[PDB]
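Take a look at this single chain, the form deposited in one PDB entry, given in structure tokens.
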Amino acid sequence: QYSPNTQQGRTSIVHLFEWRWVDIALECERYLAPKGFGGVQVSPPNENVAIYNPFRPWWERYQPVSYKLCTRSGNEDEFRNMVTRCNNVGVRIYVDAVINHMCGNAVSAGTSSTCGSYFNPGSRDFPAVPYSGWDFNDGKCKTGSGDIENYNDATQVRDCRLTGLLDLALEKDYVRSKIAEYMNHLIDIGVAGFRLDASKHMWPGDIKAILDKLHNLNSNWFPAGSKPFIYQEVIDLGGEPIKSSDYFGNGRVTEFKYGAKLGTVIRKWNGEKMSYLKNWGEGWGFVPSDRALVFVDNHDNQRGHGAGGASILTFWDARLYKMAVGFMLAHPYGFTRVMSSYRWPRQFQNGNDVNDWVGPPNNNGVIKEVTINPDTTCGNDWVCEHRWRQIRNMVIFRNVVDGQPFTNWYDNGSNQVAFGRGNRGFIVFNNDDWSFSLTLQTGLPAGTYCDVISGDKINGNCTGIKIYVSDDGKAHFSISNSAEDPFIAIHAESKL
């Protein structure tokens, strides 16, 4: 459950948040395969509540109605077509598995659902599964409201309703079996693994019992006996009783401290600075690297009041964001996930975005296609961070340097830092309010290297900055604090 099942030499996944299946299939073929991406985290592919007040928010997809593969992203045939096409070009699919809960207990009964299935939250009836009142934790939860009230009580966090979402009785073999039926349908289609949503809200042992029912990966594409990659969404910033280490026997965990702390450092909050990153990793209180799924932002916390609150860097903070993503992709800790977002009309009132619910770009509720512009950016309000040169080239950097040790660290005691990855890559950052002009030991073979942040190696030439490494491994780097991107990265495959 710990290995991503990507092709050798592909080291990241991208969250194509709210993308349609047909667009992901095309993206696999036209971009993700040639540019070395390992796989795609998809939005929940199972039927959810259609919420019209407010209008089709992103978060309706975290309110299941059934396990039919029928959503605003597409139907089952479209989902299978995507998985097949992506696997056929060596790009994996990871499903966001929403298995802790069904929909909100106060959602009105009827057929306001993405496949038109009937459901009745008040009577606990989800006949398209089927689930009934016997399948929820009403009787087990001990809080006066029936909802989670206090995160200092680890039992209610697991047995009570997260935000009122009907909480499945995951101790029951019937319920475990219905979830495994859904997950095995997906595995047999060809999915490579799962994000387990809301894992903090499930007992480690109930997750384990579900995972024990799962198949090995589809043997038309994967070696015999391959286990699905599992990454559990556990929001653990410290200071609560539940620790993500309780989940290590099941799979990896999301390390939300990673982006929270990286954001504070890059924003220079509370006296933090990039020189402190020399011991980034477990020295910062993080989980073991081999259990970490890392990211700068995710779909929830990029809206500003998730895990990390306002420290989280996002595409809205493009300059600092590229820096943070670059540091993450260069540094060996963790398995990396890159975010890919849509734009929405963010509107802060009293410090909070009142439009943080807005769903993906749409016409009358129908999600818009991703259009590709001649310059390789996206239209229709898709941000496509994973296509930004500075991010895509760092996805490739991570592939090139895979397995190489962290070495040749430099810092100026403030916010000018650099490090290498064995003899295969080197990266230099300037987040101070003055210039960084210095000769540094790079660990690389002598030669001329293209900076992959300011440009590309194309047709035996560099389109941006060139770095000259001498026989001693040293090279001069010059980065103004006014540079478009105040960091430079070079690697073995950017050498002329």
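A residue's number is simply how far along the shown sequence it sits, counting from 1. What we label the rigid core is the largest C-alpha set whose atoms superpose within 1.5 Å from one form to the other.
Here 352-360 and 329-337 are compared by their mean Cα B-factor, and 352-360 comes out higher.
Annotation for 286-294 versus 219-227: the higher mean temperature factor (C-alpha) is found in 219-227. Highest CA B-factor among 321, 151, 388, 397, as stated in the entry: 151. Take 25, 16, 13, 475 and read off each C-alpha B-factor from the entry; 475 has the highest. In the deposited entry, the Cα temperature factor of residue 40 places it in the lowest third of its chain's modelled residues. When all modelled residues of the chain are sorted by CA temperature factor, residue 134 is found within the highest third. Ranked by Cα temperature factor within the chain, residue 304 sits in the highest third according to the deposited record. For residue 344, the recorded CA B-factor ranks within the highest third of the chain. Only modelled residues enter the ranking.
Per the PDB record, residue ranking by Cα B-factor puts residue 56 in the middle third of the chain.
One more form of this protein, solved in complex with a small molecule, exists but is not displayed; see below.
Using a 4.5 angstroms threshold between heavy atoms, residue 111 stays clear of the small molecule in the entry with it bound.
For the chain shown alone, residue 257 is a contact residue for the small molecule in the entry with it bound, at least one non-hydrogen atom being within 4.5 angstroms.
Although the partner is absent here, residue 372 sits close enough that one of its heavy atoms falls within 4.5 Å of the small molecule in the entry with it bound.
Residue contact with the small molecule in the entry with it bound: residue 244 places a heavy atom within 4.5 Å of it. The chain is drawn here without the small molecule; in the entry with it bound, the stretch among 323-331, 283-291, 401-409, 182-190 whose residues come within 4.5 Å of it by any heavy atom is 283-291. Proximity to the small molecule in the entry with it bound, defined as a heavy atom within 4.5 Å, holds among 381, 153, 236, 138 only for 236. Note on the partner interface in the entry with it bound: the residue among 311, 423, 81, 117 having a heavy atom within 4.5 angstroms of the small molecule is 81. The residue among 337, 195, 161, 303 whose Cα moves by 2 angstroms or more between this form and the one not shown, once the core is superposed, is 303. Relative to the superposed core, residue 353 undergoes a Cα shift of 2 Å or more between this form and the one not shown. Once the rigid core is used as the reference frame, the Cα position of residue 321 differs between this form and the one not shown by less than 2 Å. For residue 52, the Cα coordinates differ by 2 angstroms or more between this form and the one not shown after the core has been superposed. Relative to the displayed conformation, the Cα-Cα distance from residue 306 to residue 164 shrinks by 3 Å or more in the entry with it bound. Relative to this form, the distance between the C-alpha atoms of residue 294 and residue 314 is increased by at least 3 angstroms in the entry with it bound.
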